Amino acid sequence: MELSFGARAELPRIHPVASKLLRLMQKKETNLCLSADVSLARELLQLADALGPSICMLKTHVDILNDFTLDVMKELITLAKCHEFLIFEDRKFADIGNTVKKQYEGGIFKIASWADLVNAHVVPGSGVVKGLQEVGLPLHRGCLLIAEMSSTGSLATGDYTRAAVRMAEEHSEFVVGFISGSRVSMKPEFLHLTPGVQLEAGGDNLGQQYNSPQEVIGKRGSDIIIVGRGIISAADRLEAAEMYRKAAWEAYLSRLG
């Protein structure tokens, strides 16, 4: 009894951010998250505008932008609202609770002010989530927990992955899903987002490993693919995004029956 994205958006325990995401995924027929791994604000914004209709989400690493300002993020929000996608800052909070609350709200990035979603590693224990909650719940935000990683030698396996699932399921007022390589929770309220995705087999020279959209959405049961270089390094990023969108969407439909 797998439910569609649109039906999952109505589940009793769904988080509002998850519901908004699932609705726009269904409406736009996209389960693609662009990993906008660029150093120039203009390139980030030009990609967001052109690829916005093709994506459910844009994932940032703002600490790599050479020309970050809060006004860049205001412009990104305008595009996210226009084209209907969520903004996910891939910050990987991974400190004690008291520290991560300050890293989320403050400093020069003010992440909580513009990011719909952030993520956290579970290695510190649940205080990492408690600390982020304290900022994120008043700001109506959501969080993803890193249950698995795509890179060679990842230690996010076995009991570590199980601990991430338990932590998410016990902080469901803020945690909306996972970064994972596969479905890790049996609860349909949670979102599974999978990086390490390309159409062709391979990897990079620093431990990244790729699997295809069909493999990770269809056979591994994930919801959303996160794609960086497979799009970003292509000449025509729009065409590349459409290839990935169609691959991930069909894989989802074919598992739904």
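Under this definition, the rigid core comprises the largest set of C-alpha atoms superposing within 1.5 Å between the forms. Residue indices: 1-based, along the sequence shown.
Across the superposed structures in 7 other deposited structures of this protein, aligned by the core, the stretch whose Cα atoms lie more distant on average is 137 to 145, chosen from 137 to 145 and 179 to 187. In terms of root mean square C-alpha deviation after superposing on the rigid core in 7 other deposited structures of this protein, the stretch standing farther out between 128 to 136 and 78 to 86 is 128 to 136. Of the two segments examined, 163 to 171 and 98 to 106, it is 163 to 171 that shows the higher average Cα temperature factor in the deposited entry.
Note on 27 to 35 vs 198 to 206: mean CA B-factor is higher in 198 to 206. The PDB entry assigns the greatest CA B-factor among 91, 121, 141, 187 to 187. When the modelled residues of the chain are ordered by C-alpha B-factor, residue 245 sits in the lowest third. When the modelled residues of the chain are ordered by their C-alpha B factor, residue 84 lands in the middle third.
When the modelled residues of the chain are ordered by C-alpha B-factor, residue 182 sits in the highest third. Looking at the C-alpha B-factors along this chain, the one for residue 157 belongs to the highest third. For residue 70, the recorded CA temperature factor ranks within the highest third of the chain's modelled residues.
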